[PDB]
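Peer 1: Let me give you the structure first, and then I'll get to my questions.
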Amino acid sequence: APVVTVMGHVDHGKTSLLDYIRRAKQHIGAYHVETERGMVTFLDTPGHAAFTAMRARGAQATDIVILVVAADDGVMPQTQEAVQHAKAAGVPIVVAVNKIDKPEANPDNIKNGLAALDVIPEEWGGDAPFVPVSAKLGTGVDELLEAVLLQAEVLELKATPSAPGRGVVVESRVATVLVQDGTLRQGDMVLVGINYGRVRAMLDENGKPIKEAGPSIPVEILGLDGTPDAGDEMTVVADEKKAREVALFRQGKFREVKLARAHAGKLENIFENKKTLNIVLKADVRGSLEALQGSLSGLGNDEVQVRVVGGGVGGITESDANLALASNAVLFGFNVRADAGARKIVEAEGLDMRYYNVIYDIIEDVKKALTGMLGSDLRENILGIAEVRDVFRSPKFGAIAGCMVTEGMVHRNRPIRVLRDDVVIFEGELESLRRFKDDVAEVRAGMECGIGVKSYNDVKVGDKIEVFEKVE
Ligand SMILES: Nc1nc2c(ncn2[C@@H]2O[C@H](COP(=O)(O)OP(=O)(O)O)[C@@H](O)[C@H]2O)c(=O)[nH]1
C-alpha cells in the first residue's frame, strides 16, 4: 500500500484525475482507495512545490510518483522541473498521457520528447512505463491503477501493525497525519512534532469516527493544543513532562543544526566537509543555462564530483530553494534574483545563495571550491534598490521614470541593473536623477526621485533598479 503524489504541468489534469479516481471508488489533505490488487492512497494537494516542502524536513512521505502530460501541448518546462524534483529524492516515476481525447493529438512526440530526460520508456530502453489515460473519457483508469502497483516492486516489508505510533503530518489546518508505522488508538498521549496532546477526535477522510489507524492510511486528529508545522513527525509518549523536555531539546537541536548548516553548507567549506557537491542552477535564458550545465557537468574526477540537481529559467521560486535545502546544495543565480518566499527560506535556513552575471565566474568559483582555497566576500555588493512607480516620456528626451527608493541609497557614481520579474534586462550606467526638477546628485533611503538611464528607454511600471559597486 504505497503513497502516491500527483505531479504535472499546470492545466494538464492533475486535479481532474485525482477527483475522478476518488469519485470512482470533505478535503483534509489525503484520501485512499481500495482495490483488489491492493489498497492505494493519494495526497490531496498535487504539484512538486508541496511535495518537496515536506521532503525538506526529512519526512520522506512518498513511494511512487505519477506524471500527467497531454498529447496536445505536451512536455512543458514545468514538467521537466517536476521530473527533476522527483528524481532528486529518487523514486520510480510512472507517466501517463492525459488528453488523449482530442481531435487527433498524437501521443508519439511525448515519448521521444521525454526520452531525453532519463525517463526512457519500456519500448526504448526499458526504464519507465507509459500509459494512455483520460480523466474526461474514463478510458485508462484500470491500466494506471494496475501499473502504479506493478511498478511498486520493492520488498515493501515493515509497516508492522502492532507497533508504537509513528506518522508524518500533512495539513495543519486540528491536523491530519498519514501514519507510516504503528497504530493510533485514541485516548493515548501523543507528541506531534513540537507539540503534545491527547487523541480526542480521530476522524477519517469521509468524517466517519474510528479508533484504529491503518498501516498507510490517513486520519484527521483533533484535540491538540495548537497547530504544528506541515512536515514534522508524530509519535506516542506517556509523560507530559517527557513531552515538554523532548520539545525543549528539539528547540536546542534545531537551533544548533541551523547554525551548523549555515556554517558547513557554504561554498567556502566544500573541500573540508568526494561528498558529491550538489548545485542548483537558475539562468535568465536557455542558452546560458545549457552552457553552464555543460561546463559544470565535468569538474574533478578523483576528488569530488559536481552534479547539477536543478536547472530552470526564470526567478528563484521558493520551490527551487526548498529543493536545494532538501538536497543540501548550493544556489546559483545567473542574471536572476530571488522572490519574497525564496528570500524568506534563505533567511530561515542556511541556503548559501550567491548571484553572478558572468559565465566564467561560476566555473572559477566552483574550481576553487573543489580546490578548497577560495576567497570570501568578493564580486561586488548591493548598496541600493528603487522601485519604479511611474514612467513619463516627453517628446524631447523621454527617459525619466519616477522611483521610490527602498532600503538603500542610489547615487550617480555607480553602475545599475534594471530588472523585471526578478530577471535583469539591462546593465549600464545612471544618466540623470532629480527631485522636484532639481538636479540633485544624492537620493537617501525611503525618498522618491526621477531616474533616467543612458541609452535605454524601455522602463515600465513595477520595475526594479539596483545600484552596485565592484568592490574587491
Ligand atoms: N478534453 C479534455 N479536457 C480535460 C481532460 N482532463 C482535464 N481537462 C480540462 O483541463 C482542465 C484541467 O485543469 P486542472 O488539472 O484541474 O488544473 P491544475 O490542477 O492546476 O492542473 C480542466 O478544466 C478540464 O476541463 C481530458 O481528459 N480531456
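We number each residue from 1, going along the chain as drawn.
The header says electron microscopy, 3.6 Å.
For all residues, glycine too, the Cβ spot is worked out from N, Cα and C.
Summarising the annotation, Swiss-Prot assigns GTP binding site to 8-15, 44-48, 98-101. According to Swiss-Prot, the region 'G1' annotation covers 8-15. The region 'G3' annotation in Swiss-Prot covers 44-47 and rests on similarity to another entry. Per Swiss-Prot, the feature region 'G4' maps to 98-101.
Tell me about the surroundings of these features in the structure.
Peer 2: In this structure, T45 (GTP binding site) belongs to neither helix nor strand by DSSP; it is coil. Long-range C-beta contacts of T45 (GTP binding site), restricted to its own chain and to partners at least six residues apart, with a cutoff below 8 Å, comprise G29, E171.
Long-range contacts of the region 'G1' (8-15) within the same chain, counting only residues at least 6 positions beyond its ends with a Cβ under 8 Å from a Cβ of the stretch, are 46-47, 67-70, 76, 78-79, 82, 98-99, 135.
Sequence-distant contacts of the region 'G3' (44-47), counting only residues of its own chain at least 6 positions beyond either end whose CB sits under 8 Å from a CB of the stretch, comprise 5-8, 14-15, 18, 27-31, 82, 171.
DSSP labels the residues of the region 'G4' (98-101) in these numbers: 0 helix, 0 strand, 4 coil.
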Peer 1: Listed binding-site residues are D11, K14, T45, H48; which sit with C-beta under 6 angstroms of ligand 1?
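Peer 2: The ones that qualify, in sequence order, are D11, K14.
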Peer 1: Can you check which residues sit near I100 (GTP binding site), meaning Cβ under 8 Å from its Cβ, same chain, 6 or more apart in sequence, and list them in order?
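Peer 2: Non-local contacts for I100 (GTP binding site): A71, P107, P132, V133, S134, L137, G140.
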Peer 1: Return the residues near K14 (GTP binding site), defined as same-chain residues 6+ apart in sequence whose C-beta is under 8 angstroms from its C-beta, sorted by sequence, else 'none'.
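Peer 2: Long-range Cβ contacts: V6, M7, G8, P46, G47, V68.
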Peer 1: In sequence order, which same-chain residues at least six apart have a C-beta under 8 angstroms from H48 (GTP binding site)?
Peer 2: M7, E81, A82, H85, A86, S319
Peer 1: Per DSSP, what is the residue tally for the region 'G1' (8-15) in helix, strand and coil?
Peer 2: 2 helix, 1 strand, 5 coil
